[PDB]
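Data first, discussion second: the structure below is written as structure tokens.
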Amino acid sequence: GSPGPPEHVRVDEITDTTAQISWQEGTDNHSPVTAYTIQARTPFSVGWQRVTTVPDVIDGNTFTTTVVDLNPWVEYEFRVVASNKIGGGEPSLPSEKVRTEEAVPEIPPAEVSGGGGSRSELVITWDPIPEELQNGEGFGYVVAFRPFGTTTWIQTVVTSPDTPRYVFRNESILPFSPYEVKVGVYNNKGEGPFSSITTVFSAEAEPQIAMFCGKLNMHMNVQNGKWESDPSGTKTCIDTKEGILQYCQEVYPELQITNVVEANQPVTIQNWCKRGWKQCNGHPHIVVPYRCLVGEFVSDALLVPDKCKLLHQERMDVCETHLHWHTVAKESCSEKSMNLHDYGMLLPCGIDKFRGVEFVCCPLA
Amino acid sequence: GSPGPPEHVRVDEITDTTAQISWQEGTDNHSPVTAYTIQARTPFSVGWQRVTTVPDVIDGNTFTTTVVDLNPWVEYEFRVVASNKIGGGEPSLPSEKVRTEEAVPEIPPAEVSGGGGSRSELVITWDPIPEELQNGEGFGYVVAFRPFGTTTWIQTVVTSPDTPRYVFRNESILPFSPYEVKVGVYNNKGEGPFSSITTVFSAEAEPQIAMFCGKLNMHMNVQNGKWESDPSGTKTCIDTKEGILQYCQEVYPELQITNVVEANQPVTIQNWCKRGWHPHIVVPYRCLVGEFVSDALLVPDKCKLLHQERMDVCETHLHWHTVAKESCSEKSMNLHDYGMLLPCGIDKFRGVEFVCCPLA
């Protein structure tokens, strides 16, 4: 008769690639067990599959082995099947479900393409990497694009693994202009490769508010690019970040405002007015305007000139302010003896609250 | 306006996955061409599709590029499209039809499985590989199976690409026994990969005739597995391969006999009668039934399976036994077992499958 099912299949010493499996000989049927075979089942493999062991062949005197060539960051089950001179026997009950350790991703997106859209846009699309190839939590993409002939890259960090496209809207885009495009990958453990550079064609003044207490709030008229006073005569400076969100939606009623964030650079604004447009003087005031973020959050596009590097960081256990992530980006470039050239927020966790930062470091003169 | 169609499209340096394309600029319609795109059409692609180049960026002053990631042994047509500030231009006239060079097949059969059958049988199935993925002429399969837990493979060569099935029939098969199965691919350019190993459970006396001149012909009774005399009691030994075929059919009126082949080893048969009703060692003739099924060969450790198909050769069983035996001797090994491939006539074949093992 064939051997009975082995018992107590346990997993120890689990890594990103390997696993140590141990078991106990089941009820053999009057013929000594001559070989052991290991099988594994994951949410991605269709049923039970054979796995490669070291040593390659397991005999009856052996009760532990190393399974190799596994996929990092995958939930695994294991079972053992014993063999006789008669033949293969009943498989063992599965082991406890275990997840291999994380690793840097190795597969860049396939089918990097794009095109279309409305005027002054660049639509970049790609195939989303499935879960079985992300190799760890915090999987994201890095989209890079630049016009033909130029050296400086334009890059942005896309933190959602399911996002299949990025749209770049800026008046620097020419009608049906060719761009070199490449999409990379990363996770918590580090950065992965980029896809090959391919060609994507283009298609064929930002909402801000500025405040100075004692004066009527100012806002950016998106049509003429000029700073304008409060449409009403009463709205002075605002205390809370939620109130800044309300004022953004009040001044831009035809926009879907979902968040706010401080601008990275101050601006000098003359012609502030008091309540009721009384005592309008010409005294300038340097303030930091709040950007009224529209619709679903999209990371900023950063310029990465030659010899500069693009860095980014995100911490799911931290919900911090714009000033916090600026200090993070500024200090990080200092540790490498470089200057901070451009940065943006990642992963909003609240009104003007974020869990990460993207930034560019550059050398000095 | 958009650019005009490029001219002077030429395709050179054709490999199995590579082709060098070059072209000439048309009229830019007073707006300079800023990019070029290469497109291809095949019997399998849905119309014209963009193809990858190296580099995959082609500016307006480049007039040659290297197309990559092509499918080996496929007819390709190429065309070039220019672009400018207005948009994509008129596509060029397509180039001449060219076929990529052959290469080993890369895609093993998916959906390998099996199960069922009669007693002492192991049924193995898989999804056949379409012509698009065969990468050359002479595409075929290698079916390997072994009892679960063992290491030594039993392999057979399947020459027809459209064949999705192989039944292994042997007394050593136990009822409803687990087996490890994998199916591989190959073509005239070489061997391809094997599929993932899958478990296939088995299910819940070969027809042949032997002759000895001066005595009545004998034949194997499939029910009891014993050699029996000529039922008619008149037929003596036969001198033609075609006449042996008719006697196989006469002995088995209920089976579709399509070919005959010499058995690889002799047998010992007793109870020889004369016309009208002492052992003798003779080489029996196998009565092949139905479509041709290649023999199952054992491939022990350190031994290699080799198969050869000559579409310009139609030879006999002895000729392929010699080819197999000389092929191993050239490899400093011995011929262990063999079987015929590709019938081209009555007891005539176009190839052989065999195993070479070390002298030890």
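Residues in the structure tokens are named by chain (A, B, ... in the order shown) and by number from 1 within that chain; ligands are numbered from 1 in the order shown.
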- Which of segment 101-251 of chain A counts as strand (DSSP E or B) under DSSP, as a PyMOL selection string please? chain A and resi 113-114+121-125+140-147+153-158+165-169+178-187+190-194+198-201+208-210+218-220+227-228
Could the residues in this selection be written to a file with N, CA and C atoms, as a short mmCIF file (atom, residue, chain, number, x, y, z; two decimals), in the first residue's frame?
```
data_model
loop_
_atom_site.label_atom_id
_atom_site.label_comp_id
_atom_site.auth_asym_id
_atom_site.auth_seq_id
_atom_site.Cartn_x
_atom_site.Cartn_y
_atom_site.Cartn_z
N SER A 113 3.12 53.18 -22.59
CA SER A 113 2.69 53.95 -23.75
C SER A 113 1.94 55.20 -23.33
N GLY A 114 1.00 55.65 -24.15
CA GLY A 114 0.17 56.78 -23.82
C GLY A 114 -0.17 57.60 -25.05
N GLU A 121 -1.35 68.73 -22.60
CA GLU A 121 -1.33 67.57 -21.71
C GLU A 121 -0.42 66.50 -22.28
N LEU A 122 0.05 65.63 -21.39
CA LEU A 122 0.84 64.45 -21.77
C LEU A 122 0.29 63.27 -20.98
N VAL A 123 -0.32 62.32 -21.68
CA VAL A 123 -0.95 61.16 -21.06
C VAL A 123 0.01 59.99 -21.15
N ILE A 124 0.45 59.49 -20.00
CA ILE A 124 1.38 58.36 -19.92
C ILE A 124 0.66 57.20 -19.25
N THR A 125 0.62 56.05 -19.93
CA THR A 125 -0.03 54.86 -19.40
C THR A 125 0.96 53.70 -19.34
N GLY A 140 5.16 51.24 -5.36
CA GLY A 140 4.76 52.40 -6.13
C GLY A 140 5.50 52.45 -7.44
N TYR A 141 5.21 53.49 -8.22
CA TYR A 141 5.85 53.71 -9.50
C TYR A 141 6.58 55.05 -9.50
N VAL A 142 7.56 55.16 -10.40
CA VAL A 142 8.23 56.42 -10.69
C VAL A 142 8.12 56.67 -12.19
N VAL A 143 7.40 57.71 -12.57
CA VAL A 143 7.19 58.06 -13.97
C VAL A 143 8.17 59.17 -14.34
N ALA A 144 8.92 58.96 -15.42
CA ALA A 144 9.90 59.93 -15.89
C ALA A 144 9.66 60.23 -17.36
N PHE A 145 9.74 61.51 -17.72
CA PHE A 145 9.48 61.94 -19.08
C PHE A 145 10.25 63.22 -19.36
N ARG A 146 10.68 63.37 -20.61
CA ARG A 146 11.38 64.57 -21.05
C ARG A 146 11.19 64.72 -22.54
N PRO A 147 11.18 65.95 -23.06
CA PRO A 147 11.05 66.12 -24.52
C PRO A 147 12.27 65.57 -25.24
N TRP A 153 15.35 65.38 -16.92
CA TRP A 153 14.17 64.55 -16.76
C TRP A 153 13.12 65.29 -15.93
N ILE A 154 11.86 64.94 -16.18
CA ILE A 154 10.74 65.37 -15.34
C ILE A 154 10.13 64.11 -14.75
N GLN A 155 10.13 64.01 -13.42
CA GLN A 155 9.74 62.78 -12.75
C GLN A 155 8.72 63.05 -11.66
N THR A 156 7.88 62.05 -11.40
CA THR A 156 6.89 62.10 -10.33
C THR A 156 6.74 60.71 -9.73
N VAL A 157 6.34 60.66 -8.46
CA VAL A 157 6.21 59.42 -7.70
C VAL A 157 4.73 59.09 -7.57
N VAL A 158 4.35 57.90 -8.02
CA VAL A 158 2.96 57.44 -7.98
C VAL A 158 2.89 56.31 -6.96
N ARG A 165 -1.98 55.15 -15.00
CA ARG A 165 -1.61 56.27 -15.86
C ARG A 165 -1.34 57.52 -15.03
N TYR A 166 -0.60 58.44 -15.64
CA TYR A 166 -0.31 59.75 -15.09
C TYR A 166 -0.47 60.79 -16.18
N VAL A 167 -1.10 61.92 -15.84
CA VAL A 167 -1.32 63.01 -16.78
C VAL A 167 -0.54 64.22 -16.30
N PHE A 168 0.28 64.79 -17.19
CA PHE A 168 1.07 65.98 -16.91
C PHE A 168 0.44 67.16 -17.63
N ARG A 169 -0.05 68.14 -16.87
CA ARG A 169 -0.69 69.33 -17.42
C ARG A 169 0.19 70.54 -17.12
N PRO A 178 6.96 64.81 -29.18
CA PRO A 178 7.46 63.52 -28.70
C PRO A 178 8.24 63.65 -27.40
N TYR A 179 7.95 62.75 -26.47
CA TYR A 179 8.62 62.69 -25.17
C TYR A 179 9.22 61.30 -24.96
N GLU A 180 10.45 61.27 -24.45
CA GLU A 180 11.02 60.03 -23.94
C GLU A 180 10.38 59.71 -22.59
N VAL A 181 9.84 58.50 -22.45
CA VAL A 181 9.11 58.11 -21.25
C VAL A 181 9.65 56.79 -20.73
N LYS A 182 9.79 56.69 -19.40
CA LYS A 182 10.16 55.44 -18.75
C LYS A 182 9.51 55.39 -17.38
N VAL A 183 9.03 54.21 -17.00
CA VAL A 183 8.34 54.00 -15.73
C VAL A 183 9.12 52.97 -14.91
N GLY A 184 9.43 53.33 -13.67
CA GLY A 184 10.12 52.45 -12.75
C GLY A 184 9.22 51.95 -11.62
N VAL A 185 9.82 51.15 -10.74
CA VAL A 185 9.12 50.54 -9.61
C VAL A 185 9.96 50.66 -8.35
N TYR A 186 9.30 50.52 -7.20
CA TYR A 186 9.95 50.55 -5.90
C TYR A 186 9.00 49.99 -4.86
N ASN A 187 9.54 49.68 -3.69
CA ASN A 187 8.73 49.33 -2.53
C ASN A 187 9.49 49.77 -1.28
N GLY A 190 13.46 49.15 -1.20
CA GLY A 190 14.33 49.89 -2.09
C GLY A 190 13.70 50.05 -3.45
N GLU A 191 14.50 50.55 -4.39
CA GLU A 191 14.04 50.87 -5.73
C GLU A 191 14.33 49.73 -6.69
N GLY A 192 13.44 49.57 -7.66
CA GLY A 192 13.60 48.57 -8.69
C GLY A 192 14.11 49.18 -9.97
N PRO A 193 14.02 48.43 -11.07
CA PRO A 193 14.52 48.94 -12.35
C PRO A 193 13.50 49.85 -13.02
N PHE A 194 13.96 50.52 -14.07
CA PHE A 194 13.10 51.26 -14.97
C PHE A 194 12.83 50.43 -16.22
N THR A 198 10.75 54.67 -24.04
CA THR A 198 9.89 54.58 -25.22
C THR A 198 9.39 55.97 -25.60
N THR A 199 8.66 56.04 -26.70
CA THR A 199 8.17 57.31 -27.24
C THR A 199 6.68 57.46 -26.95
N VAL A 200 6.31 58.60 -26.38
CA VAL A 200 4.91 58.96 -26.15
C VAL A 200 4.70 60.39 -26.64
N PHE A 201 3.63 60.61 -27.40
CA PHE A 201 3.32 61.92 -27.96
C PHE A 201 2.33 62.68 -27.08
N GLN A 208 -4.80 79.24 -5.84
CA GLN A 208 -4.15 79.51 -4.57
C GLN A 208 -4.95 80.57 -3.81
N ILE A 209 -4.75 80.60 -2.49
CA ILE A 209 -5.24 81.69 -1.65
C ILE A 209 -4.08 82.15 -0.77
N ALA A 210 -4.03 83.45 -0.50
CA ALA A 210 -3.01 84.04 0.34
C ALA A 210 -3.68 84.88 1.42
N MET A 218 -6.46 87.21 -0.24
CA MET A 218 -6.18 87.28 -1.66
C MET A 218 -6.26 85.88 -2.26
N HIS A 219 -6.50 85.83 -3.57
CA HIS A 219 -6.57 84.56 -4.26
C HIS A 219 -6.10 84.74 -5.69
N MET A 220 -5.67 83.63 -6.29
CA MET A 220 -5.16 83.66 -7.65
C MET A 220 -6.32 83.52 -8.63
N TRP A 227 -3.28 88.35 -8.72
CA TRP A 227 -3.84 88.22 -7.38
C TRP A 227 -5.01 89.19 -7.22
N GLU A 228 -6.14 88.67 -6.75
CA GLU A 228 -7.34 89.47 -6.59
C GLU A 228 -7.84 89.39 -5.15
#
```
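Excluding residue 22 of chain B itself and same-chain residues fewer than 4 positions from it, the residues having an atom within 7 Å of it are residues 9, 10, 11, 63, 64 and 65 of chain B, counting only C-alpha atoms.
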Go through chain B and flag each residue having an atom no more than 8 Å from chain A; for those, report the closest pair of atoms plus their distance in Å to one decimal, using only C-alpha atoms, ordered by chain and rising number, as a Markdown table.
```
| residue | atom | partner | partner_atom | distance |
| --- | --- | --- | --- | --- |
| B:34 | CA | A:178 | CA | 7.2 |
| B:35 | CA | A:178 | CA | 6.7 |
| B:55 | CA | A:197 | CA | 7.6 |
| B:56 | CA | A:198 | CA | 4.9 |
| B:57 | CA | A:199 | CA | 5.5 |
| B:59 | CA | A:148 | CA | 7.2 |
| B:84 | CA | A:176 | CA | 7.0 |
| B:85 | CA | A:176 | CA | 5.4 |
| B:86 | CA | A:176 | CA | 6.5 |
| B:87 | CA | A:176 | CA | 5.7 |
| B:147 | CA | A:87 | CA | 6.5 |
| B:148 | CA | A:88 | CA | 5.0 |
| B:149 | CA | A:83 | CA | 5.3 |
| B:150 | CA | A:35 | CA | 7.6 |
| B:177 | CA | A:87 | CA | 6.7 |
| B:178 | CA | A:88 | CA | 5.8 |
| B:179 | CA | A:88 | CA | 7.8 |
| B:197 | CA | A:50 | CA | 6.8 |
| B:198 | CA | A:49 | CA | 7.2 |
```
Could the residues in this selection be written to a file with N, CA and C atoms, as a PDB file, in the first residue's frame?
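Contents of out.pdb, freshly written:
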```
ATOM      1  N   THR B  34       9.404  65.587 -36.440  1.00  0.00           N
ATOM      2  CA  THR B  34      10.016  65.498 -35.123  1.00  0.00           C
ATOM      3  C   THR B  34      10.212  64.075 -34.622  1.00  0.00           C
ATOM      4  N   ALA B  35       9.556  63.087 -35.227  1.00  0.00           N
ATOM      5  CA  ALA B  35       9.667  61.715 -34.751  1.00  0.00           C
ATOM      6  C   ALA B  35       9.256  60.755 -35.858  1.00  0.00           C
ATOM      7  N   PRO B  55      17.437  52.341 -30.206  1.00  0.00           N
ATOM      8  CA  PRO B  55      16.554  52.725 -29.099  1.00  0.00           C
ATOM      9  C   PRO B  55      15.104  52.914 -29.548  1.00  0.00           C
ATOM     10  N   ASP B  56      14.164  52.865 -28.604  1.00  0.00           N
ATOM     11  CA  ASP B  56      12.748  53.026 -28.909  1.00  0.00           C
ATOM     12  C   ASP B  56      12.351  54.484 -29.127  1.00  0.00           C
ATOM     13  N   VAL B  57      13.320  55.391 -29.228  1.00  0.00           N
ATOM     14  CA  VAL B  57      13.079  56.786 -29.574  1.00  0.00           C
ATOM     15  C   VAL B  57      13.799  57.074 -30.886  1.00  0.00           C
ATOM     16  N   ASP B  59      14.254  60.260 -33.518  1.00  0.00           N
ATOM     17  CA  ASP B  59      14.002  61.671 -33.779  1.00  0.00           C
ATOM     18  C   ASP B  59      13.880  61.926 -35.282  1.00  0.00           C
ATOM     19  N   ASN B  84       4.781  65.425 -36.823  1.00  0.00           N
ATOM     20  CA  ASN B  84       5.219  66.802 -36.639  1.00  0.00           C
ATOM     21  C   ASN B  84       4.247  67.489 -35.685  1.00  0.00           C
ATOM     22  N   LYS B  85       4.276  68.823 -35.671  1.00  0.00           N
ATOM     23  CA  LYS B  85       3.466  69.578 -34.720  1.00  0.00           C
ATOM     24  C   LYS B  85       1.973  69.364 -34.942  1.00  0.00           C
ATOM     25  N   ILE B  86       1.566  69.017 -36.166  1.00  0.00           N
ATOM     26  CA  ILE B  86       0.143  68.842 -36.450  1.00  0.00           C
ATOM     27  C   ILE B  86      -0.338  67.473 -35.982  1.00  0.00           C
ATOM     28  N   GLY B  87       0.438  66.431 -36.239  1.00  0.00           N
ATOM     29  CA  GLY B  87       0.092  65.108 -35.765  1.00  0.00           C
ATOM     30  C   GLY B  87       0.828  64.045 -36.558  1.00  0.00           C
ATOM     31  N   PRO B 147       6.597   7.759 -12.167  1.00  0.00           N
ATOM     32  CA  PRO B 147       5.797   7.493 -10.967  1.00  0.00           C
ATOM     33  C   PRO B 147       6.153   8.475  -9.860  1.00  0.00           C
ATOM     34  N   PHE B 148       5.122   8.973  -9.179  1.00  0.00           N
ATOM     35  CA  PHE B 148       5.308  10.034  -8.199  1.00  0.00           C
ATOM     36  C   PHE B 148       6.326   9.621  -7.142  1.00  0.00           C
ATOM     37  N   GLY B 149       7.328  10.472  -6.935  1.00  0.00           N
ATOM     38  CA  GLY B 149       8.378  10.231  -5.976  1.00  0.00           C
ATOM     39  C   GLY B 149       9.677   9.734  -6.572  1.00  0.00           C
ATOM     40  N   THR B 150       9.649   9.243  -7.807  1.00  0.00           N
ATOM     41  CA  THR B 150      10.852   8.756  -8.459  1.00  0.00           C
ATOM     42  C   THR B 150      11.529   9.882  -9.239  1.00  0.00           C
ATOM     43  N   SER B 177      -2.823   5.497  -9.625  1.00  0.00           N
ATOM     44  CA  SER B 177      -1.534   5.815  -9.040  1.00  0.00           C
ATOM     45  C   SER B 177      -1.081   7.203  -9.479  1.00  0.00           C
ATOM     46  N   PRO B 178      -0.503   7.991  -8.576  1.00  0.00           N
ATOM     47  CA  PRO B 178      -0.063   9.342  -8.946  1.00  0.00           C
ATOM     48  C   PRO B 178       1.216   9.322  -9.768  1.00  0.00           C
ATOM     49  N   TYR B 179       1.265  10.203 -10.766  1.00  0.00           N
ATOM     50  CA  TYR B 179       2.411  10.338 -11.653  1.00  0.00           C
ATOM     51  C   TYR B 179       2.776  11.807 -11.802  1.00  0.00           C
ATOM     52  N   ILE B 197       5.874  20.733 -13.679  1.00  0.00           N
ATOM     53  CA  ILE B 197       5.490  19.367 -13.356  1.00  0.00           C
ATOM     54  C   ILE B 197       4.108  19.374 -12.723  1.00  0.00           C
ATOM     55  N   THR B 198       3.215  18.540 -13.245  1.00  0.00           N
ATOM     56  CA  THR B 198       1.867  18.416 -12.719  1.00  0.00           C
ATOM     57  C   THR B 198       1.584  16.963 -12.368  1.00  0.00           C
TER      58      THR B 198
END
```
- Selected residue, from B:115, B:91, B:343, B:193, that lies nearest to residue 7 of chain B when counting only C-alpha atoms: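 Going through B:115, B:91, B:343, B:193 one by one, the smallest distance to residue 7 of chain B is for B:91.
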- Message: At a cut-off of 8 Å, using only C-alpha atoms, what residues contact segment 156-172 of chain B? Leave out same-chain residues fewer than 2 positions from it and give the result as a VMD selection string.
- Response: chain B and resid 120 to 130 138 to 144 154 174 293 to 297 307 341 to 342 353
Keeping only N, CA, C and O atoms, write the selected residues as an mmCIF file, in the first residue's frame.
```
data_model
loop_
_atom_site.group_PDB
_atom_site.id
_atom_site.type_symbol
_atom_site.label_atom_id
_atom_site.label_comp_id
_atom_site.auth_asym_id
_atom_site.auth_seq_id
_atom_site.Cartn_x
_atom_site.Cartn_y
_atom_site.Cartn_z
ATOM 1 N N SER B 120 -4.561 -0.251 -16.461
ATOM 2 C CA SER B 120 -3.147 -0.182 -16.840
ATOM 3 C C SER B 120 -2.901 0.884 -17.907
ATOM 4 O O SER B 120 -2.172 0.660 -18.875
ATOM 5 N N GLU B 121 -3.509 2.055 -17.731
ATOM 6 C CA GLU B 121 -3.325 3.159 -18.662
ATOM 7 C C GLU B 121 -3.125 4.455 -17.891
ATOM 8 O O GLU B 121 -3.627 4.619 -16.776
ATOM 9 N N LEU B 122 -2.383 5.375 -18.504
ATOM 10 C CA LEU B 122 -2.145 6.707 -17.957
ATOM 11 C C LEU B 122 -2.387 7.714 -19.074
ATOM 12 O O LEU B 122 -1.577 7.820 -20.001
ATOM 13 N N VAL B 123 -3.496 8.444 -18.993
ATOM 14 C CA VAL B 123 -3.885 9.388 -20.037
ATOM 15 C C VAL B 123 -3.293 10.753 -19.720
ATOM 16 O O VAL B 123 -3.438 11.258 -18.603
ATOM 17 N N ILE B 124 -2.635 11.359 -20.707
ATOM 18 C CA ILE B 124 -1.992 12.658 -20.546
ATOM 19 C C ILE B 124 -2.478 13.586 -21.651
ATOM 20 O O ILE B 124 -2.447 13.222 -22.832
ATOM 21 N N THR B 125 -2.917 14.784 -21.271
ATOM 22 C CA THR B 125 -3.411 15.768 -22.221
ATOM 23 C C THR B 125 -2.710 17.102 -22.002
ATOM 24 O O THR B 125 -2.070 17.333 -20.973
ATOM 25 N N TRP B 126 -2.842 17.980 -22.993
ATOM 26 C CA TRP B 126 -2.300 19.331 -22.926
ATOM 27 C C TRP B 126 -2.900 20.135 -24.070
ATOM 28 O O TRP B 126 -3.495 19.583 -24.998
ATOM 29 N N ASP B 127 -2.742 21.455 -23.988
ATOM 30 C CA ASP B 127 -3.229 22.344 -25.032
ATOM 31 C C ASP B 127 -2.171 22.489 -26.116
ATOM 32 O O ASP B 127 -1.041 22.894 -25.811
ATOM 33 N N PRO B 128 -2.481 22.173 -27.373
ATOM 34 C CA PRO B 128 -1.469 22.276 -28.430
ATOM 35 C C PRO B 128 -1.008 23.711 -28.632
ATOM 36 O O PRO B 128 -1.750 24.669 -28.404
ATOM 37 N N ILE B 129 0.237 23.847 -29.074
ATOM 38 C CA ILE B 129 0.853 25.148 -29.303
ATOM 39 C C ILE B 129 0.462 25.614 -30.703
ATOM 40 O O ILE B 129 0.743 24.900 -31.678
ATOM 41 N N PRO B 130 -0.176 26.773 -30.846
ATOM 42 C CA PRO B 130 -0.524 27.268 -32.181
ATOM 43 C C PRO B 130 0.717 27.609 -32.993
ATOM 44 O O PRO B 130 1.822 27.755 -32.467
ATOM 45 N N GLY B 138 9.024 21.600 -38.244
ATOM 46 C CA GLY B 138 9.320 20.408 -37.473
ATOM 47 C C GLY B 138 9.010 20.531 -35.999
ATOM 48 O O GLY B 138 9.640 19.852 -35.182
ATOM 49 N N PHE B 139 8.058 21.384 -35.637
ATOM 50 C CA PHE B 139 7.673 21.541 -34.243
ATOM 51 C C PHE B 139 7.037 20.260 -33.717
ATOM 52 O O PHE B 139 6.294 19.579 -34.429
ATOM 53 N N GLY B 140 7.336 19.931 -32.463
ATOM 54 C CA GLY B 140 6.760 18.755 -31.842
ATOM 55 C C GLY B 140 6.855 18.842 -30.335
ATOM 56 O O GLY B 140 7.352 19.823 -29.774
ATOM 57 N N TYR B 141 6.382 17.786 -29.679
ATOM 58 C CA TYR B 141 6.336 17.718 -28.227
ATOM 59 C C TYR B 141 7.182 16.563 -27.710
ATOM 60 O O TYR B 141 7.373 15.552 -28.394
ATOM 61 N N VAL B 142 7.688 16.732 -26.492
ATOM 62 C CA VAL B 142 8.287 15.654 -25.715
ATOM 63 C C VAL B 142 7.455 15.498 -24.452
ATOM 64 O O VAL B 142 7.355 16.436 -23.650
ATOM 65 N N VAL B 143 6.848 14.329 -24.282
ATOM 66 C CA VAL B 143 6.017 14.028 -23.121
ATOM 67 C C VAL B 143 6.841 13.188 -22.156
ATOM 68 O O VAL B 143 7.326 12.110 -22.519
ATOM 69 N N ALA B 144 6.997 13.673 -20.928
ATOM 70 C CA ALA B 144 7.750 12.975 -19.898
ATOM 71 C C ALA B 144 6.846 12.684 -18.709
ATOM 72 O O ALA B 144 6.056 13.538 -18.293
ATOM 73 N N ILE B 154 10.274 8.621 -18.013
ATOM 74 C CA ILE B 154 9.865 7.893 -19.209
ATOM 75 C C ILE B 154 9.356 8.926 -20.204
ATOM 76 O O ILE B 154 8.392 9.650 -19.919
ATOM 77 N N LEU B 174 -0.018 1.043 -11.868
ATOM 78 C CA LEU B 174 -0.966 0.588 -10.866
ATOM 79 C C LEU B 174 -2.271 1.369 -10.971
ATOM 80 O O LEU B 174 -2.274 2.528 -11.401
ATOM 81 N N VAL B 293 1.247 6.228 -32.724
ATOM 82 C CA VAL B 293 1.635 6.626 -31.377
ATOM 83 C C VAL B 293 3.064 6.156 -31.152
ATOM 84 O O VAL B 293 3.345 4.953 -31.227
ATOM 85 N N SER B 294 3.964 7.098 -30.884
ATOM 86 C CA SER B 294 5.363 6.764 -30.663
ATOM 87 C C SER B 294 5.530 5.947 -29.383
ATOM 88 O O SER B 294 4.715 6.012 -28.458
ATOM 89 N N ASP B 295 6.609 5.173 -29.338
ATOM 90 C CA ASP B 295 6.873 4.302 -28.204
ATOM 91 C C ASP B 295 7.354 5.100 -26.996
ATOM 92 O O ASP B 295 7.928 6.185 -27.126
ATOM 93 N N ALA B 296 7.106 4.548 -25.811
ATOM 94 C CA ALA B 296 7.602 5.121 -24.567
ATOM 95 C C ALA B 296 9.007 4.598 -24.295
ATOM 96 O O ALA B 296 9.227 3.383 -24.265
ATOM 97 N N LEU B 297 9.951 5.515 -24.099
ATOM 98 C CA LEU B 297 11.345 5.171 -23.863
ATOM 99 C C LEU B 297 11.755 5.576 -22.454
ATOM 100 O O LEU B 297 11.354 6.634 -21.958
ATOM 101 N N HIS B 307 16.233 12.573 -30.683
ATOM 102 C CA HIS B 307 15.292 12.271 -31.747
ATOM 103 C C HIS B 307 15.736 12.985 -33.013
ATOM 104 O O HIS B 307 16.340 14.059 -32.963
ATOM 105 N N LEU B 341 9.569 6.951 -35.822
ATOM 106 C CA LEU B 341 8.849 8.213 -35.895
ATOM 107 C C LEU B 341 8.482 8.504 -37.342
ATOM 108 O O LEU B 341 9.213 8.141 -38.269
ATOM 109 N N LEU B 342 7.336 9.168 -37.522
ATOM 110 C CA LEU B 342 6.886 9.732 -38.792
ATOM 111 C C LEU B 342 6.755 8.688 -39.895
ATOM 112 O O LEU B 342 7.599 8.631 -40.800
ATOM 113 N N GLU B 353 13.344 8.014 -32.569
ATOM 114 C CA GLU B 353 13.610 8.477 -31.216
ATOM 115 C C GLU B 353 14.398 7.394 -30.494
ATOM 116 O O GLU B 353 14.135 6.202 -30.681
#
```
- Task: List the neighbours of residue 102 of chain B out to 9 Å using only C-alpha atoms; skip same-chain residues closer than 5 positions along the sequence, and give me the result as a list in words.
- Result: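 Contacts, with the query itself left out: residues 15, 16, 72, 73, 74, 135, 136, 137, 188 and 189 of chain B.
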Selection export as a compact mmCIF listing (two decimals), in the first residue's frame, atoms kept: N, CA and C atoms:
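Listed below is the output, again13.txt:
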```
# COMPACT_ATOMS: atom_id res chain seq x y z
N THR B 15 17.06 38.71 -38.60
CA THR B 15 17.41 37.57 -37.76
C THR B 15 16.14 36.89 -37.29
N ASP B 16 16.20 36.21 -36.15
CA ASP B 16 15.00 35.58 -35.61
C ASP B 16 14.13 36.57 -34.84
N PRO B 72 10.04 34.78 -34.02
CA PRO B 72 10.80 34.01 -35.01
C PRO B 72 9.89 33.19 -35.91
N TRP B 73 10.26 33.15 -37.20
CA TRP B 73 9.57 32.36 -38.23
C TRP B 73 8.15 32.89 -38.47
N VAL B 74 8.04 34.20 -38.67
CA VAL B 74 6.77 34.87 -38.93
C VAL B 74 6.97 35.86 -40.07
N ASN B 135 7.82 28.80 -33.84
CA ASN B 135 9.13 29.38 -34.12
C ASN B 135 9.94 28.61 -35.16
N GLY B 136 9.34 27.66 -35.87
CA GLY B 136 10.07 26.96 -36.91
C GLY B 136 9.34 25.72 -37.36
N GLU B 137 9.88 25.12 -38.42
CA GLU B 137 9.34 23.88 -38.96
C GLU B 137 9.76 22.70 -38.10
N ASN B 188 13.02 21.92 -35.44
CA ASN B 188 14.24 21.55 -36.15
C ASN B 188 15.46 22.32 -35.66
N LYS B 189 15.27 23.48 -35.03
CA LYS B 189 16.41 24.27 -34.57
C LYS B 189 16.94 23.80 -33.22
```
- Message: Give me the residues near segment 329-332 of chain A as a PyMOL selection string, where near means some atom within 9 Å (using only C-alpha atoms) and where sequence neighbours in that chain fewer than 4 positions away do not count.
- Response: chain A and resi 311-313+324-325+336-340+343+357-361
- Please run DSSP on the backbone and report, as an MDAnalysis selection string, all residues within segment 149-281 of chain A that come out as alpha helix (DSSP H). chainID A and resid 241:251
Based on the selection just made, write C-alpha atoms of those residues as a compact mmCIF listing (two decimals), in the first residue's frame.
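Result written to result.txt:
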```
# COMPACT_ATOMS: atom_id res chain seq x y z
CA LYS A 241 -6.77 74.27 7.88
CA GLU A 242 -10.39 73.19 7.47
CA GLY A 243 -11.39 76.84 7.13
CA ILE A 244 -8.73 77.36 4.45
CA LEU A 245 -10.37 74.46 2.62
CA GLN A 246 -13.76 76.20 2.89
CA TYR A 247 -12.34 79.44 1.48
CA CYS A 248 -10.68 77.61 -1.42
CA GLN A 249 -14.06 76.13 -2.37
CA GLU A 250 -15.83 79.47 -1.91
CA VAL A 251 -13.50 81.38 -4.24
```
